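Engineer: Once you've had a glance at the structure underneath, I'll fire off some questions.
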Amino acid sequence: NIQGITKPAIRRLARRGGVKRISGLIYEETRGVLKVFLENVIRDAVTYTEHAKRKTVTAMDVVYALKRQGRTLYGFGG
Amino acid sequence: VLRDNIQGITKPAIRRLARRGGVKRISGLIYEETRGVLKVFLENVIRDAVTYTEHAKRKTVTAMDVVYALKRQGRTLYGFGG
Amino acid sequence: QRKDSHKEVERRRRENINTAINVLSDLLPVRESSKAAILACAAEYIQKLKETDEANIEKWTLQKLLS
Amino acid sequence: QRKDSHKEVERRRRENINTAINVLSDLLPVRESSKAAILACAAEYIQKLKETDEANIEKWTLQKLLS
Amino acid sequence: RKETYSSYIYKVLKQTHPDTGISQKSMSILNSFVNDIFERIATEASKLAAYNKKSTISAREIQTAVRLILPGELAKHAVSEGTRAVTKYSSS
Amino acid sequence: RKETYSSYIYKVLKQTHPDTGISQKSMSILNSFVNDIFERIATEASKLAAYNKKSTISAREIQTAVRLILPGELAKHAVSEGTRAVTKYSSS
Amino acid sequence: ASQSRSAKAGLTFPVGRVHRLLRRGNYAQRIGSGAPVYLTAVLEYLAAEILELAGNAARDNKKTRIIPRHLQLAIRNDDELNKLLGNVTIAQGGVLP
Amino acid sequence: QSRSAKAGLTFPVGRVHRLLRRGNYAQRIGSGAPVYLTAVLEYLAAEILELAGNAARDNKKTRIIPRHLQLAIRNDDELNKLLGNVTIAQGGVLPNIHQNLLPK
Amino acid sequence: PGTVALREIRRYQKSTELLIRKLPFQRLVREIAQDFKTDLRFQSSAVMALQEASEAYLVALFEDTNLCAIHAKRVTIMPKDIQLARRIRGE
Amino acid sequence: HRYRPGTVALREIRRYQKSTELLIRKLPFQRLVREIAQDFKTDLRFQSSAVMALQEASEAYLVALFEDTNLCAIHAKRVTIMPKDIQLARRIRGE
DNA sequence: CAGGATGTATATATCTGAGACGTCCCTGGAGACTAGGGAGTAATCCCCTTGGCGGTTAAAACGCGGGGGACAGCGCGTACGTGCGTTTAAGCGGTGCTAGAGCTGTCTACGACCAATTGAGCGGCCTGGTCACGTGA
DNA sequence: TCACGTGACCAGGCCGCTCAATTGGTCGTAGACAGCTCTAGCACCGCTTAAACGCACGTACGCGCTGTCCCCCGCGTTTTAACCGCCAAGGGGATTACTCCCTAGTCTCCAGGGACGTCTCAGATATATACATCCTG
């Protein structure tokens, strides 16, 4: 579940971002934000999968969801 | 064929736009910044508008050209066509 | 030609509103002022009737709650 | 020239009556489109209040008599 | 001769508020909204057909496009209306 | 039998750099880039042709589309490239 | 005698026009029978929702018509339409209070 | 002969003609449109490849990996904005440390 | 000081009319277009459409700028606020 | 020995801006993905490529959001990112 | 500000999968011919774009004083960082297994096309429904 | 002062027509359903260990308060130019018509590019050392 996305993981992502020090409360907010993002993308992925009469989620479904949301992702067969 | 027009967006006009957005105090430097931002926005939209105009071999820029240019920028507009 | 029908319907409506306020003033014999003043009377009297109804309801509901 | 005076007093008359009628409609939003509609709604409301007041007084009399 | 939905917005409007009217510019905006949503759904249906190497746009395409284009409750109601209309059409 | 631009991308790379190579993931990224730009230009050209009440997507539709899609210097250079290609094709 | 498709489906929007726009619009090589009906029902529902919310917005005021202001208010007030029309600018709509 | 060679290109002009024809864009695709599109796509591919190869040499590598593609795209002010809404797998990010975070 | 600023604020927010003068906007638009093609002609509805788009854009950018100013614990908007808004919004 | 506060943070920034690997753990992320998908259809299977595309998109999104958050914090005259900063970034970006 | 401590950048064997090259092939592009449908050019014509002239008026521009709010500085008290030890799960490689992805092939039902008939709906003329005003005793 | 003739504004009805929608039949193909192969997604397991969790100590900065003063806001006055109407000319887009050449469709054929195999070397791991940067006293 969400708690598997640990504090050091958020620190690492933010360091790639460029932050020097991190408020103790960014962690929960980041977990919420990521959960919302994942839910939004996974909805469209599962919608495409259902349409294709499939029962397996394929990389092209994720690529299509991302391209839909204006977040085009290169490198996975799109 | 005229210049000095960017000054036509007067101080009170910028004030009214700021107030409609909820700003209750403004600095003196905001006026040139907003003039520059509006200039950039208008150039960016008119580029595509005049492109759509020239493509069709027309001398007048139709309101639909503006509509589609804005849509192409993602800012769709309802009321003048389409 | 077409003017006559339009003016007659206008007359019909305006005199209808007149007679309507007249029946109200028969039901509202407290101001007997002019048409505009009589409309003001209607407004104020309806306001006071609403408030009086709500006040009597509240006070007698309190009396009921007492017993 | 003084006809202009009559003109603005008429304009003020119209403004005041329209404001009063707007107050009525805000009090009785049932119908607002046409003057006849507002008058009819107000008249129905007044009749209802009168009937309810009569009933309330008569029921209070019985309540007092029986207890 | 222009093509518009004006008559249809009149008919739909009078159903819920018979006495209410519509201004010209309001009708223009409503027409633009109808055309916009039409284009959105049609494009999504075209993409759905293309991805599955399919040549036909059918009811399933429109349904999935609505599921993708509209938010939750509004999409649910749209799906219900579409299924109902299709059923009423075919039933005879 | 999956189509791909791998061979063409590889040849275009070697036309300018004799010994540089492309990994599989970079190859996929470049292929998806080419396909994405294809889709952008083609969709814009189709919209342009529809707007002008034309049933044909010609090289001029592609020229207008490439100006709309690409930024300044890229648009100019790509226009020159396309015009030279079409001229060499038509002259022979 | 003839019966319009919209009448068969119980709709007010024209099934025929939508179907013509579907084939003629270059969306696919073939268009199914049930696509126009589903699409037209969806469009009709959305228009009806806009109209109901805008009528309520105008009824908050005393106006007898819908002017772009009330369409704006209807769209922005409701989270649904606001998300759906997050990038739509309504001429003469202004902003909410 | 090949139409790609006839027009002095390397990309598959005929393949693009088929893609435009069958990809549901219009009832009719003109003869010169595929040539124009092939030329433009080839130019873009050449430009990006040249920048990425420069990045690889600047890093003493012989092959182009997604890091080099990311560096080539994000350093170039126009090839960036053409791809500002795109994320590239294994691209990382350009180094960016704000001055206000610097020591002292 | 600032008492009638709120008066202006809610007055303008309640209304739905234009805010920038019309002829100045028309002249600015013509001058801008001149750099793209000379001897150009503008449909009047096109000019009004441009005006509506521009006013909407400026109003939105100013709401974002105000949020930034409040974030800075200020009530005056300053150039860095507009810059932050635009930078975050991808512009 | 003990570095002063801030040195290690900049070292980590430099390291993670040079490097290109993924940052979230793969198995915990996959578990989260499946848990989320459970609420749309039951008994969904996932390709490895699909899970990896999801993770790459998510990481890039979070990194960009944190860049904006850092910008907002700096605008506020601070050096620390606080939830108000994430909220401002997301509000302006439109989510 | 010099000196020590940790760290990042520079220079070497082994190995090892993964790019790269040769071959088989098979299917999609190239050559040829066709018919008609769209593109293209010319001529019309009527709207609507531009241009000009005045008056009125709203709005803009300029000046001035008084807050009050931007900005800077000092004190501080905790919240975040850094670091060491413990431990928890991830990661990896292997083995089994079966659901379901992917492809093939009849084989029907459905959608495209054409011809025919006709009703929906646009546009315009016209009639009533509404509020509001200027007028007279 | 009371009360009232008249016209903007609009909804709706109705008809002309006219141009796309509905109906009916024919012919072809795509996709539906059945069936088969077999890829890879999933379940479990053991082992190594790298990252995570927790707790401790310290000081740096987020915050509060307090001052200075500057520059923005409200308001009075001058001026300027926007705006409204109203009239002119014309040029440019919308439209109709006809010609013809360009492209979609069909037929044949074969080499260009894809799939599959094998192979060596470019990069990864590991190790060694050289200079840099930071923090202390």
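Numbers in chain I track Swiss-Prot; the residues on display, in order, are 44-134.
When the header is checked for method, it gives electron microscopy, 3.2 Å.
Here the Cβ of each residue, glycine as well, is placed from N, Cα and C on the backbone.
So Swiss-Prot says this about it:
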- I:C111: S-palmitoyl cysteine (LIPID)
- I:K57: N6-(2-hydroxyisobutyryl)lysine (MOD_RES)
- I:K57: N6-acetyllysine (MOD_RES)
- I:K57: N6-crotonyllysine (MOD_RES)
- I:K57: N6-succinyllysine (MOD_RES)
- I:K80: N6-acetyllysine (MOD_RES)
- I:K80: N6,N6-dimethyllysine (MOD_RES)
- I:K80: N6-glutaryllysine (MOD_RES)
- I:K80: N6-lactoyllysine (MOD_RES)
- I:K80: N6-succinyllysine (MOD_RES)
- I:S87: phosphoserine (MOD_RES)
- I:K116: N6-glutaryllysine (MOD_RES)
- I:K123: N6-glutaryllysine (MOD_RES)
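Would you situate these features in the structure and describe their surroundings?
Structural biologist: Around I:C111 (S-palmitoyl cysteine), the same-chain residues at least 6 positions away in sequence with a Cβ under 8 Å from its Cβ are I:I120, I:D124, I:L127, I:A128.
The Cβ of I:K57 (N6-(2-hydroxyisobutyryl)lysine) lies under 8 Å from the Cβ of no residue that sits 6+ residues away along the same chain. According to its DSSP assignment, I:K57 (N6-(2-hydroxyisobutyryl)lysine) is helical.
Here the Cβ of I:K80 (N6-acetyllysine) has 14 other Cβ atoms within 10 Å, regardless of which shown protein chain they belong to.
The DSSP secondary structure for I:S87 (phosphoserine) is helix. In the shown protein chains, 9 other C-beta atoms lie within 10 A of the C-beta of I:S87 (phosphoserine).
Sequence-distant contacts of I:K116 (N6-glutaryllysine), defined by Cβ-Cβ distance under 8 angstroms and a gap of at least six in the same chain, do not exist. In the three-state DSSP scheme, I:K116 (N6-glutaryllysine) is classed as coil.
Within its own chain, I:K123 (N6-glutaryllysine) has no residue 6 or more apart in sequence whose C-beta sits under 8 angstroms from its own.
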Engineer: Quick one: pull the CA-CA distance for I:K80 (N6-acetyllysine) versus I:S87 (phosphoserine), whole Å only.
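Structural biologist: Cα to Cα, I:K80 (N6-acetyllysine) and I:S87 (phosphoserine) are separated by 18 Å.
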Engineer: Which three-state DSSP class does I:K80 (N6-acetyllysine) fall into?
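Structural biologist: Where I:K80 (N6-acetyllysine) sits, the three-state DSSP reduction gives coil.
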